[PDB]
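Examination of the molecular architecture
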Amino acid sequence: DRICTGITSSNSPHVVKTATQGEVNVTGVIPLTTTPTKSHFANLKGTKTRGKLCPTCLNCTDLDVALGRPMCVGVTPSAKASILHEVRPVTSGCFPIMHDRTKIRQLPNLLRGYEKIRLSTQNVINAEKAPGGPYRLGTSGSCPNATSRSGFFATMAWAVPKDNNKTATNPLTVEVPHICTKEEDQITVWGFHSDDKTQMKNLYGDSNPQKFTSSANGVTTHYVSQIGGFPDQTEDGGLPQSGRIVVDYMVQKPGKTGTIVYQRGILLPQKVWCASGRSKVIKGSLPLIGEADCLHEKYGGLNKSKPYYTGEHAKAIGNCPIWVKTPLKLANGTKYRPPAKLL
Amino acid sequence: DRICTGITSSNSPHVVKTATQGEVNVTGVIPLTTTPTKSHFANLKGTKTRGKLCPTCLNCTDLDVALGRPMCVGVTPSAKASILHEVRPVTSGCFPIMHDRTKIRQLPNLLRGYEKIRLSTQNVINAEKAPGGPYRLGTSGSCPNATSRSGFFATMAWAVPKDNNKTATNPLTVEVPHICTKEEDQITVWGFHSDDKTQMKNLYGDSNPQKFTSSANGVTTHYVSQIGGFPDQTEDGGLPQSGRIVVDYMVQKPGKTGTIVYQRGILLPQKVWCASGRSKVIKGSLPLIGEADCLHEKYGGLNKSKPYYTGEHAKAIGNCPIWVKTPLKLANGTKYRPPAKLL
Amino acid sequence: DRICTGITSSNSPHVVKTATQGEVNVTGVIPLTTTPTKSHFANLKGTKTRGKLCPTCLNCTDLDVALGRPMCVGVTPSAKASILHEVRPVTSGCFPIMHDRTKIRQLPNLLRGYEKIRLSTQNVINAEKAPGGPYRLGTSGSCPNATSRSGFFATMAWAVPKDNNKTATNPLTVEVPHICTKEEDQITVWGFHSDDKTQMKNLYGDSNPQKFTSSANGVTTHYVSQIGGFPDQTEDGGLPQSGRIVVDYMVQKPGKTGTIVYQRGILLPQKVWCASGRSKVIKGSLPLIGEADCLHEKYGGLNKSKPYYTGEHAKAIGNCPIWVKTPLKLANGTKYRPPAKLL
Amino acid sequence: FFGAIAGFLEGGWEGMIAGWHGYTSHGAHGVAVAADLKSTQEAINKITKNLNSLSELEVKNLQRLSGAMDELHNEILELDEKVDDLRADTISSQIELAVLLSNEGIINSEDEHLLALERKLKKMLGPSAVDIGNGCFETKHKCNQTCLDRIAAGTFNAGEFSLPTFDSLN
Amino acid sequence: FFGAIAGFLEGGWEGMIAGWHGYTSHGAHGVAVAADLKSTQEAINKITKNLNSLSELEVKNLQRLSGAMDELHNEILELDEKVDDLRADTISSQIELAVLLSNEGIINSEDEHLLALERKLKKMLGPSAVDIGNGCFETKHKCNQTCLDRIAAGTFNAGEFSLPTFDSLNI
Amino acid sequence: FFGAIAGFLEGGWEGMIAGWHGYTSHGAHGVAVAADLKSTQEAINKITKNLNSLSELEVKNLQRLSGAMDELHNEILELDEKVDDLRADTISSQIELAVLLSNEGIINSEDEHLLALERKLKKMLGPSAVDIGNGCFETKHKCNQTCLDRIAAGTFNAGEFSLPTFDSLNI
Ligand SMILES: *[C@@H]1O[C@H](CO)[C@@H](O[C@@H]2O[C@H](CO)[C@@H](O)[C@H](O)[C@H]2NC(C)=O)[C@H](O)[C@H]1NC(C)=O
Ligand SMILES: *[C@@H]1O[C@H](CO)[C@@H](O[C@@H]2O[C@H](CO)[C@@H](O)[C@H](O)[C@H]2NC(C)=O)[C@H](O)[C@H]1NC(C)=O
Ligand SMILES: *[C@@H]1O[C@H](CO)[C@@H](O[C@@H]2O[C@H](CO)[C@@H](O)[C@H](O)[C@H]2NC(C)=O)[C@H](O)[C@H]1NC(C)=O
Ligand SMILES: *[C@@H]1O[C@H](CO)[C@@H](O[C@@H]2O[C@H](CO)[C@@H](O)[C@H](O)[C@H]2NC(C)=O)[C@H](O)[C@H]1NC(C)=O
Ligand SMILES: *[C@@H]1O[C@H](CO)[C@@H](O[C@@H]2O[C@H](CO)[C@@H](O)[C@H](O)[C@H]2NC(C)=O)[C@H](O)[C@H]1NC(C)=O
Ligand SMILES: *[C@@H]1O[C@H](CO)[C@@H](O[C@@H]2O[C@H](CO)[C@@H](O)[C@H](O)[C@H]2NC(C)=O)[C@H](O)[C@H]1NC(C)=O
Ligand SMILES: *[C@@H]1O[C@H](CO)[C@@H](O[C@@H]2O[C@H](CO)[C@@H](O)[C@H](O)[C@H]2NC(C)=O)[C@H](O)[C@H]1NC(C)=O
Ligand SMILES: *[C@@H]1O[C@H](CO)[C@@H](O[C@@H]2O[C@H](CO)[C@@H](O)[C@H](O)[C@H]2NC(C)=O)[C@H](O)[C@H]1NC(C)=O
Ligand SMILES: *[C@@H]1O[C@H](CO)[C@@H](O[C@@H]2O[C@H](CO)[C@@H](O)[C@H](O)[C@H]2NC(C)=O)[C@H](O)[C@H]1NC(C)=O
Ligand SMILES: *[C@@H]1O[C@H](CO)[C@@H](O)[C@H](O)[C@H]1NC(C)=O
Ligand SMILES: *[C@@H]1O[C@H](CO)[C@@H](O)[C@H](O)[C@H]1NC(C)=O
Ligand SMILES: *[C@@H]1O[C@H](CO)[C@@H](O)[C@H](O)[C@H]1NC(C)=O
Ligand SMILES: *[C@@H]1O[C@H](CO)[C@@H](O)[C@H](O)[C@H]1NC(C)=O
Ligand SMILES: *[C@@H]1O[C@H](CO)[C@@H](O)[C@H](O)[C@H]1NC(C)=O
Ligand SMILES: *[C@@H]1O[C@H](CO)[C@@H](O)[C@H](O)[C@H]1NC(C)=O
Ligand SMILES: *[C@@H]1O[C@H](CO)[C@@H](O)[C@H](O)[C@H]1NC(C)=O
Ligand SMILES: *[C@@H]1O[C@H](CO)[C@@H](O)[C@H](O)[C@H]1NC(C)=O
Ligand SMILES: *[C@@H]1O[C@H](CO)[C@@H](O)[C@H](O)[C@H]1NC(C)=O
Ligand SMILES: *[C@@H]1O[C@H](CO)[C@@H](O)[C@H](O)[C@H]1NC(C)=O
Ligand SMILES: *[C@@H]1O[C@H](CO)[C@@H](O)[C@H](O)[C@H]1NC(C)=O
Ligand SMILES: *[C@@H]1O[C@H](CO)[C@@H](O)[C@H](O)[C@H]1NC(C)=O
């Protein structure tokens, strides 16, 4: 008799690419990829995940928290990973702001890129004794407390001339010192108030537009104010007001003093942000539901099965599958062979 | 007799690299690379290719088109690929501009990076009724139409006080609204006119330098003007003039209002640019001659033969060969063998 | 008898990874990696290596050299590789500067990124005849020469009104021409002096804050000065002064004119920097000791043995080992085999 | 490619069900087919190790820049977007290469499995069998399904047919 | 490396012209050389498939940033330049690796082509021939050029020399 | 994997000291072991060439941007940091792949070295020896250490035992 070595023949619907034989049909494969499905976002397994800056602060938005709005001041927990849910963070109270006249909206998005964020407990500047005559620290019913009908942002002081016969002033300069640790960046919030002609006269003793310039870490910004004819109030406390504020921020690296040059209507910095470390930030949608291995910008929260994935590539953090252009397969069988017959 | 398996021996001048045998001599190779030769640029096969912004607009330059110079306003076709032929786009007419005092030259290069560019049909601001007394819309014989001896840039309005007894003004603020679709960026063109002392008195009622500040998308720019003693006219209409203009642009993302704060001599925005998408842009030269598979910055237009290429790496778009450091070869023969002989 | 092929058995403590057998034990390996140890920095073999900008200028700091301080002006050699040893360059003499109010500290770090740096031999502006009445070129005993008790930075001119009855001025404009070659960038140093109310009155005829704006290559910067109440003098000549200067720089690409708009206290540009090429720059420390093949930011100077290295990745220049995540080994023996025995 | 030149059978046997490679017997009983479990398990294990190796690759996350804000820093965010895309592209290519070489290895190893099965068969069949060279041996005896089954398990003995055998070293 | 250890002939035959590998006959006629077209075509096909695979790699274009303008954004354009250079460098290295492995594969298979040709020869020569082990067989008969040519075409029959042969299974 | 299926001996010989692979002789003298220096040198050379190839890779340096200043351009310097890190990661991975394939090649080449040693042994032992198929040959004669040593040097002659031999072609 004759005895020979041989290889099986079975259905071979699977295809894989080779270097020397091109594409070959095979009896079996191990898929290496999947295409994920869109799910809600979640917490990162093994990493505390930040949503709102101050989650204990209810009815408050991230911008509100970043500005230090009354009733909206609380704990801002550390986190090594963060979700960016507002590309244009809005406010929900206090005094009417002309947001798009500065970069202020992005302040809370800047804060979330740090691991630790805390609001300073002491004021960086004494506003009452600040340059330009003694000031009273202005307040408004637009910014109500829980134990008061009136207030203002904790991060700023509405510096208004106290004395009678208040007048126009030359531009004055304050230095803003770094009051955080050597390991911390300081984010200083400042701005200016304006109103209509008569109220401007009443409050500051000048009805002309006022000028402002900030300088920190080599960046200079210049602003000129507007007298009356303001755009409608929005994103504020709901109370009608005749004036508006413009608010901005300066980043000061550790050991770097910044300066502000101002005239009448100045909102001097008080509480500043102290921020350290880095958080991995990706675009996201709230609420966070459950845990997941990986957070993906186009698919949401997901757990890792296969080592690779196909579909839409986007930023993604955690224990994630690696993107590939094509559904790769690892051959787990033999190459196709036509069935052999006797005659 | 004795019968044996054997391998050929032939001339083996070709060399290839191996992992376990080092460099080996072989009888034949398939070259995988070529070095392209410098050719003229061309159209991208399968992609409409932009050169000048408005090709129907003859004798006009890209800066001229971007500013909306008279006689040079026409259709600017959409394109998914573009050639950058002017690193410093020049003008060829109209009113004398002090170009290097702003970023204005780069305006047409910014436009070509968008897929679709169109000039708005409506004015973004009513210049006659704009803040600071009623204005007449200034004109000049430097900027002639085909049906007029005088005119001005379509993108701006030369706002000059209409009434007698005209005076100096405080800094005034205009909001520049977003008038494009939610899918479009808006490029707003603005600037200011200045002159010598007497003409300044005549036109605006003030002979002092005027100040200007723009703010859009977090970027503030500040300018102070010059009275007399201007640098010589260049790139203009050929007519002698005693004054000069300074021109700038603001980019406003969809749903973002920008502001301008101005005094006397303001050139208020009128027609704005509406732009969407992205075009793949590389440096090259004009005219475009013929079709090609691939556009390469150092070699021009080229068609793809080999999969890889050697030579100078640079930016390149289309169906292109991949750059490699060395002229690679794929072995298509046997390793060298010395001729075998009988005795 | 029976005769067979076989493989040795020896101690096989080394492990390597394979694709089809996983991790396997082997009798021998060739390590491909090492972990370097922290050593001092050194010269780049085959590349002249820059430390201080002007090494012949003793007791002088890099900022001092960049500003053109008296006694501290000498040859600044070309170099294709540079060490950044001061992230915040300090001065050690001359007039008190309020450094952190601009980007000036970074000036020498900007210069070292060029291959060739030279200080111009001619002045870019005639300061005496510059706009705003004739000026005398101010001087100070804080900046002593070797053949003089008083002087000032070579890069600037302290422009002070010459005549009696000196007054306040409108903002004036100077154009700053490009005076380097077509292959060179020009770095123009400029600034302004301020003082207390009385001295301001004496020197300039105005005690109000003065304003300054620079514009070059599309970048505008705006500054308003401070009158009195200065922070304490530091990093200066040791001599008490009542005033301070603020210093900045403009980068002008070849063929690009810059402008400065100024009032009283202007420090007009004189000698400018002409710089071309690029030097490969990494962080390190001084003094340079000996030669080495490779400079690494975390390990200092090092020579290349193995092709790869493990440890801390950082910027590194020269003939360097390539960073890898793990101590790789190339098998140089056989896979482990248990000893075979007869009975 | 080896079998093509060496004249190895290019077809396969549907009856071979408990494995991928094995043996056939020809002659007068007709044709018997038996899968060899050692060769099959060896192949399966190689593929499993290959799978582990491919599943062991770890790469850095791509997330947002922490300092670059929208609107204010659009050019930077564009370069950032470009960086993400080129990373995804390049690593995708490198992975396709690793998988390609893996699959090349498996398909190439098939004929090597056959060659090994021929050595195992050669030793078991004993010195009375004749080696043809195309993976086939001519025997003096009959081999029905029960014999082939004994070959597949390595329990085959040529002594059972009163034929010479190779012994095994203790 | 295989042939070197196994004592396979390290030289080659200039007469082998219609192909890359094949057979030689020795003895008294002197020396005949014949190319085997099956093995040669197989090698050419493997190389051609390898070429297709290497020519199939597609990578993203490198073009300019659309938003970054010259002069105004030089730092960004410098980082952009660095990105282009590093991409080109890295993909270049990876391509060099794919081609290196391809060529290693091509050079290594030669001795395997020989091994396969030895199996083909073994079956055709029949059970009367003696296997030496160095790729050579000792025959009882003469084999001039016409015989070797019949070997290369697979038409060789040992019956024509009155010697036993292996028959082929009808499949 | 080849030897496992083919029933090759899975153990090794501690006595084999002058090399990595070679021969053993069995029977009545007990067991003799000899390293083959040709096969060992071939392996060492392949590994050494592989080492040269891995050491030939050259990649671009990563240094600071010359135009981007600290403090002033922190966002850019952050993107730069990201670029450096991703380059290091990717090239590290690619190197790990080159090394993985290298090591795979060596471990895989072991059984091929054995197969080649069997061909060398087959020719030297002559046509009186019997091929078992598991890498072993049965001889009519005794082979003590001095004989195995003669096998290892390729000086072995079956004539010394009055047995038939294969002659060698004059080339
Ligand atoms: C080889 O692979 C192809 C692709 O998987 C198989 O052909 C497909 O299946 C049937 C044909 O049998 C059709 O309905 C599909 O449209 C085919 N697709 C393509 C892309 O061709 C084929 O069956 C596999 N097996 C064999 C033996 O060829
Ligand atoms: C990812 O995996 C986790 C862990 O298994 C899943 O959440 C767990 O399973 C159920 C959810 O229905 C709960 O009973 C467990 O308590 C969960 N464990 C946790 C949250 O730690 C989660 O649903 C998975 N997410 C996917 C598949 O998207
Ligand atoms: C690769 O393919 C083989 C198919 O031969 C898989 O092994 C199968 O699964 C069972 C486990 O119950 C094994 O005992 C058999 O060898 C196979 N089954 C049959 C019916 O042949 C193996 O699991 C696959 N590897 C994977 C999926 O990772
Ligand atoms: C191996 O390849 C090299 C490289 O082509 C050949 O070396 C060349 O030989 C020719 C003539 O012998 C000289 O003119 C060249 O200067 C040599 N060096 C080159 C081209 O770089 C060598 O001949 C080849 N060996 C062979 C064919 O046996
Ligand atoms: C690239 O390929 C195109 C297409 O073949 C070449 O242009 C064609 O060939 C001649 C040249 O003018 C014309 O008669 C055809 O009509 C052209 N076809 C098209 C579609 O334009 C072109 O010359 C090639 N460019 C190179 C090789 O640089
Ligand atoms: C690789 O080399 C072979 C020969 O070494 C090339 O094949 C040639 O093409 C003819 C077609 O008439 C074949 O009959 C021969 O095999 C060869 N003859 C000649 C004269 O070249 C094959 O084309 C090469 N592969 C390439 C170039 O990709
Ligand atoms: C296989 O490799 C391992 C790792 O090198 C060897 O085992 C190590 O030996 C040390 C000796 O103190 C012990 O810690 C463990 O036995 C192993 N170390 C670790 C970290 O696991 C092992 O001996 C090798 N196998 C051999 C030589 O047969
Ligand atoms: C790197 O290598 C250089 C060159 O060998 C070493 O410096 C040399 O050795 C000693 C100093 O240790 C001197 O006598 C030589 O003159 C030096 N040569 C040169 C050209 O300067 C250097 O020490 C090594 N650095 C290391 C190992 O960190
Ligand atoms: C790989 O290992 C071999 C031996 O296993 C090393 O070579 C031996 O040691 C030295 C170095 O050449 C010689 O004196 C011996 O004669 C060698 N023994 C041999 C060749 O059997 C070799 O150096 C190692 N390769 C390395 C370390 O790269
Ligand atoms: C504050 O929150 C409570 C409970 O969610 C809600 O009833 C109330 O309307 C909120 N006040 C607002 C949104 O002003
Ligand atoms: C309420 O506001 C007042 C000042 O407006 C403040 O002193 C007081 O601490 C606040 N109470 C809180 C935040 O509970
Ligand atoms: C009071 O008001 C006016 C100027 O505003 C004038 O009578 C006098 O200078 C002022 N006196 C002050 C400000 O003490
Ligand atoms: C372009 O300008 C030149 C200037 O003399 C003129 O001759 C030509 O007709 C112009 N082309 C037009 C107007 O289409
Ligand atoms: C041509 O003339 C004037 C130029 O100021 C202007 O109305 C426009 O460019 C043209 N007139 C039209 C279209 O009515
Ligand atoms: C005329 O007088 C001044 C001088 O220009 C001017 O500002 C003012 O507006 C004019 N008066 C009236 C009543 O319009
Ligand atoms: C540098 O200073 C030291 C002491 O301060 C002095 O000995 C040396 O001469 C100085 N060199 C100069 C001023 O060039
Ligand atoms: C010293 O400074 C004066 C400027 O006051 C200058 O003219 C002179 O050339 C300087 N001398 C040296 C040796 O630098
Ligand atoms: C002198 O001073 C007066 C008052 O300060 C001023 O008006 C006049 O222009 C001055 N004359 C000059 C500077 O020639
Ligand atoms: C194979 O033949 C033997 C010998 O007669 C017999 O015992 C056995 O049952 C047979 N097996 C089959 C499957 O026919
Ligand atoms: C080979 O020998 C045979 C037998 O004599 C003869 O028929 C044939 O022609 C010979 N071939 C050559 C090429 O001499
Ligand atoms: C092997 O046996 C022969 C028998 O004559 C003897 O000459 C030789 O020395 C022996 N070798 C050893 C190592 O005993």
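Residues numbered from 1 in each chain as written, not as in the entry; some residues may be left out. Chains lettered and ligands numbered in written order. Heavy atoms only, no water.

- Its PDB record attributes the structure to X-ray crystallography, giving the resolution as 3.540 Å.

Observations concerning the nonpolar core
- Judged by nonpolar contacts, the single largest core of 72 residues is most densely connected at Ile151 of chain D, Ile151 of chain E together with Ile151 of chain F.
- Excluding residues within four positions of it along the chain, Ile151 of chain F makes contact with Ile3 of chain C together with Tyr23, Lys120, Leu121, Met124, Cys143 and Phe156 of chain F.
- Counting 69 residues, the second-largest nonpolar core is a separate cluster that includes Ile30 of chain C together with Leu54, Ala98 and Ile106 of chain E. (Core = buried A, V, L, I, M, F, W, Y, C linked by side-chain atoms within 4.5 Å. Buried < 20%, exposed > 50% of the residue type's maximum accessible area, 1.4 Å probe, protein only. Contact = heavy atoms within 4.5 Å.)

Points about the pairing of strand 8 (residues 81-84) of chain B
Residue and element names in this part refer to chain B.
- Burial of the side chains of strand 8 extends over both faces: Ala81 and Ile83 are buried on one face and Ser82 and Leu84 on the other.
- With 2 bridges connecting them, strand 7 (residues 49-50) and strand 8 associate as parallel partners. What sits directly across from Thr49, in strand 8, is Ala81.
- Relative to strand 20 (residues 280-283), strand 8 runs parallel, the two being bridged by 4 bridges. What sits directly across from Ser82, in strand 20, is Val281. (Helix = DSSP H or I, 4+ residues; strand = E, 2+ residues; numbered from the N terminus. Pairing = 2+ DSSP bridges.)

Section: the interface of chain F and chain E
- Each partner contributes to the interface: chain F provides 41 residues, whereas chain E provides 34 residues.
- Both sides of the chain F and chain E interface together cover about 3000 Å² of buried area, and 69% of this is carbon and sulfur.
- The largest per-residue losses of area from chain F upon contact with chain E belong to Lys60, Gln94 and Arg119 of chain F, which jointly make up 20% of the total buried on that side.
- Seen at the junction of chain F and chain E, the total is 5 salt bridges.
- Between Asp84 of chain F and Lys82 of chain E there is a salt bridge, with the nearest N and O atoms lying 2.9 Å from each other.
- If you look at where chain F meets chain E, you find 11 residue pairs in polar contact.
- Elements represented by at least two residues in the side of chain F that touches chain E include exactly helix 2 (37-55) and helix 3 (74-125) of chain F.
- Residue contributions to the side of chain F that touches chain E peak at 21 residues, all from helix 3 of chain F. (Buried area = accessible area lost by both parts, 1.4 Å probe. Salt bridge = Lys/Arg side-chain N within 4 Å of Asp/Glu carboxyl O. Polar contact = N/O pair within 3.5 Å; in protein donor to acceptor, adjacent residues only side chain to side chain.)

Considering helix 3 (residues 197-204) of chain B
All names here are of chain B.
- What helix 3 keeps buried is the set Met200, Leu203 and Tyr204. Seen along its axis, helix 3 keeps its buried residues to an arc of 75°; they face one direction.
- Tucked into the core, helix 3 has its buried residues touching strand 10 (135-138), strand 11 (156-161) and strand 13 (185-194).
- Immediately downstream of helix 3, the backbone of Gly205 shows phi near 80°, a positive value. (Arc of directions from axis to C-beta.)

Concerning the state of the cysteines
- According to the stated counting rule, one finds 21 disulfides over all chains in the structure shown.
- In this model, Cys4 of chain A is linked to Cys136 of chain D through a disulfide, with the two sulfur atoms separated by 2.0 Å. Here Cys4 of chain A and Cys136 of chain D share a disulfide; its torsion about the S-S bond, 110°, makes the bridge right-handed. Within this pair, whereas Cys4 of chain A is found in strand 1 (residues 2-7), its partner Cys136 of chain D is found in strand 4 (residues 136-138), the two belonging to separate chains. Grouping residues by exposure puts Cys4 of chain A and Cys136 of chain D together as buried.
- Between the sulfur of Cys94 of chain C and that of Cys143 of chain C lies a disulfide, 1.9 Å long from S to S. In this structure, the disulfide formed by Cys94 of chain C and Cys143 of chain C twists by about 95° around the S-S bond and is classed as right-handed. Here the residue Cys94 of chain C occupies a position in the loop between strand 8 (81-84) and helix 2 (107-111), and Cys143 of chain C occupies one in the loop between strand 10 (135-138) and strand 11 (156-161), the gap between them amounting to 49 residues. Each member of the pair, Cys94 of chain C together with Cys143 of chain C, is buried. (Disulfide = S-S within 2.5 Å.)

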